[PDB]
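Quick one: the structure is below, and I'll ask about it shortly.
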């Protein structure tokens, strides 16, 4: 049931961390919700009663400054989970979450996940083994010299958003491209230059989506020697 | 073992634990020294401990089909390894060898695992922390920009500091960890002369912390 959506959810950090034999039973207890653009998923200080996985669209997390301004903390999109830590600690949400585009989300109720581990601590032991190996892998990667240019980093981001490894591709983006800039740690104008350069690699960015004519061509751009002018 | 436990607390294993559990775990540590070239363990043996380097450098290597040793990792002071393998109780996938004289604090696997088995709430709380640290590391990788090789080495040297830092005699080990070709590493070091770094023996000498950081920040 809900098979295509569940396949998307399997790419998330939450679901990738689980032992494979327990995934189906847990996905079968999901609550599926849609959100309009601008709709609240949850608010700061509410109880963390579920862990969240974006199936489609873009969700932003933000906190209120005491001056009253929304400070964006993160944006998440299809195949990405969030709220794991706070749901397992059962502490109040430190941020609010709002749909930036129309969204579909899969919510896993916290007690469904927690009770599994309290009944069988071998499950939490397997999950933790996996997350440790993953932490080590990310720490080792952060240690390794990065040479990619700004444009290359955006190419890489776009490639990760596409499902396939060849052919044309289309990825939906927030209208406000500053959210992507934030995510990539780039100045707004740097993101714009990157998009401009990527025209030459087959990428056209529009208001609500990007068009990649050839995934292979884009991957070539990304992988090419940063110190070379490309094509 | 006060100074050494403070070092152990910088490791991923120990950072991941709730404070209220650290001391009773460090109290059951097995403490060992190794001379350069000595084996900590061999590939395919039983995973009897999780390993925290307190002093020196340890390499992990895997046997290849044609009988070469493929270096997979090199760890130093304040770093843990073998958590996943210990929790799964699978045979060691690598061998581990001291590349300088070393001190290691070994947390026996049954001590750590049996703690997770008895009180599932403890495992859940450690898992919560690790998910948080995973998101934080993904975000750092997403925002990581290009830097020069010399800059990468500078930051690496600064991280090793609390002035002097001992490195492995075999410079391939650092090259691998930093994802750099040996030549690039060589070039990076000579380049770093102008930042007050010199490489007498298998020791790095940094004249002044703040100056090197200036080089690193550019």
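FYI the Cβ positions are ideal-geometry reconstructions off the backbone, even for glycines, and counts take in every protein chain you see. Computed from the coordinates by the stated procedures, all read-outs in this text should not be read as laboratory data.
For the protein assembly as shown, I need the span (max minus min coordinate) of the C-alpha atoms along each principal axis, in Å, sorted largest to smallest.
Dimensions of the protein assembly as shown along the principal axes of its Cα atoms: 63, 58, 54 Å.
Restricting to Cα atoms and excluding each atom paired with itself, what does the Kirkwood estimate give for the stretch A:1-136 in Å?
Its Kirkwood hydrodynamic radius stands at 15.5 Å.
Would you mind pulling out the separation of the Cα centroids of the stretch A:72-138 and the stretch A:11-54, in Å?
Between the Cα centres of the stretch A:72-138 and the stretch A:11-54 lies a distance of 7 Å.
Would you mind calculating the relative contact order of chain A from Cα pairs under 8 angstrom and at least 6 residues apart, reporting the percent as a whole number?
For chain A, the relative contact order is 20 percent.
Run the numbers for residue B:21 and residue B:145: contour at 0.36 nm per residue of separation, minus the present Cα-Cα distance, in nm.
Additional length available on full extension: 40.9 nm.
What percentages make up the Cα-Cα pair-distance distribution of the stretch B:65-218 when the bins are 5 Å wide from 0?
Reading the bins upward from 0: 2, 7, 13, 16, 16, 15, 13, 10, 6, 2, 0, 0.
With an 8 Å Cα cut-off and a minimum separation of 6 or more residues, compute the relative contact order for the stretch B:1-135 in percent.
Answer for the stretch B:1-135 is 35 percent.
Could I ask something else about it? For helix A:121-143, report the angle its Cα long axis makes with the longest principal axis of the Cα atoms of chain A; keep it between 0 and 90° and round to the nearest 10°.
Result, in degrees: 20.
Residue B:1 label point, 7 Å along Cα→Cβ, cut-off 17 Å on backbone N: hits in the stretch B:85-108?
B:102-108
Can you give the angle from 0 to 90° between the axis of helix A:110-119 and the longest principal axis of chain A, with both taken from C-alpha atoms, to the nearest 10?
Roughly 60 degrees between the two axes.
Which whole number gives the average count of other chain Cβ atoms within 10 Å of the Cβ atoms across peptide B:136-147?
Taking the mean over all residues of the peptide, I get 6.
Gap in Å between the Cα centre of the stretch B:156-218 and the Cα centre of the stretch A:179-231?
With the stretch A:179-231 and the stretch B:156-218 each reduced to a Cα centre, they are spaced 34 Å.
Counting pairs of Cα atoms in the stretch A:133-231, how many percent are more than 15 Å apart?
I get 63 percent for the Cα pairs in the stretch A:133-231 exceeding 15 Å.
In degrees between 0 and 90, to the nearest 10, how far off the longest principal axis of chain A does helix A:188-199 point, with axes built from Cα atoms?
So the inclination is approximately 60 degrees.
Could you work out the helix-only [θ] at 222 nm for the protein assembly as shown, with each DSSP H run of four or more residues adding -39,500 (n - 2.57) and the total divided by the number of residues, to the nearest 500 deg cm²/dmol?
Taking each H run of at least 4 residues, the total per residue is -12500 deg cm²/dmol.
Moving to a separate point now. Counting only other chains, what is the mean number of Cβ atoms within 10 angstrom of the Cβ of each residue in peptide A:119-126?
5
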